[PDB]
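Shown next as structure tokens: one chain only, the form deposited in one PDB entry.
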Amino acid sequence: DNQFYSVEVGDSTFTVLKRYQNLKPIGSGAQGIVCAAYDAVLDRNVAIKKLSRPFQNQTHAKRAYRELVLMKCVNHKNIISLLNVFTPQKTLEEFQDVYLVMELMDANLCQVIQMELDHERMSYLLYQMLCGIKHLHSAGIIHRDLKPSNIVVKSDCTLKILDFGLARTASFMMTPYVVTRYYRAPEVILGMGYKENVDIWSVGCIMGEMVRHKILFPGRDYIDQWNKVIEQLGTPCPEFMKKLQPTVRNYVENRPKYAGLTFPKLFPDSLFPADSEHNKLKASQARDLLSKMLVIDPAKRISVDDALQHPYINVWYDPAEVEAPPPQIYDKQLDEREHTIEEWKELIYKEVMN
């Protein structure tokens, strides 16, 4: 008898419970391969993510532990839920790998970004993103790292956020894997403190990219990225500059100036469905929401609640999906706590075993 079996996927072995059959790779990310499988017990398809030795460094360790605790305690239909968690290893000293089993979605948002979408779909996708984000914020969780690759959709336009972002705290790793910074807010890029609407910026970047079918602010690094920002949105005004630390403030001033394009120029009508009157109007509303989300200074950038109330969005509004009961978060030492790899290993083990 063994509850598990082993099969090779790419340069990896998945050792999984026997209920999970017919594994096929569906994606890859910073902590390895994700597979689709049929779950014979629930009689339905699932997704299975393997974490290889997540305690191997502080960064993987903190993310893995945080994602476990949060996926368990968070209950919302726009945030991916955990069906099952397991390790095939029998003891702490043998412990190597964690397997996360989630409901299976059909695609990530990068694939949606490569297609044209009507306004009904686009606005519903954004409505769901905002609901999820609001639910996180209600629990004290500010993501700060929303990106298309960590957001998934089904064929029926339902949407789920995969991860819980960066902890309020604090990260070196020897790797080929390059982190995507394109969707990060100015206040993150310039480390100036932030609030809830730091996540609106990322939504605007995704919405903009949904319309333009191009990454809004591509850069090799944060210098580039900041240039790309100011050369489309224009150099921010003085009352913003005043809130930067003198070392970064100094630097932002001395950048070559741009007054910046306008939203009709940034997002012309030829990008939008605008054949009918319905679509002409929706196009106008979309551009308007964009212009309130892609605002450099967060004191003047629209909030989550006001974004949910915007005419482009509020057609979907429902007090069940917004205003849901916040998660419990039984830990509360969670976002910030530091440990050795040996300690992280046991933390993670305990959580996998409950």
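Definition used throughout: the rigid core is the maximal C-alpha set that superposes within 1.5 Å between two forms. Numbering starts at 1 and follows the sequence shown.
In what follows, reference is made to the form deposited in another entry, a form of this protein that is not presented.
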property: Comparing forms between this form and the one not shown after core superposition, the one residue of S303, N314, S291, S28 displaced by 2 Å or more at CA; result: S28
property: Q225 C-alpha relocation of at least 2 Å between this form and the one not shown, rigid core basis; result: no
property: Per-residue C-alpha change between this form and the one not shown, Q111, threshold 2 Å, rigid core fit; result: no
property: Core-superposed C-alpha of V98 shifting 2 Å or more between this form and the one not shown; result: yes
property: CA-CA separation of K195 and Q31, closer or farther in the other entry than in the form shown [shift of 3 angstroms or more]; result: closer
property: Cα separation of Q31 and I141 in the other entry versus here, shift of 3 Å or more; result: closer
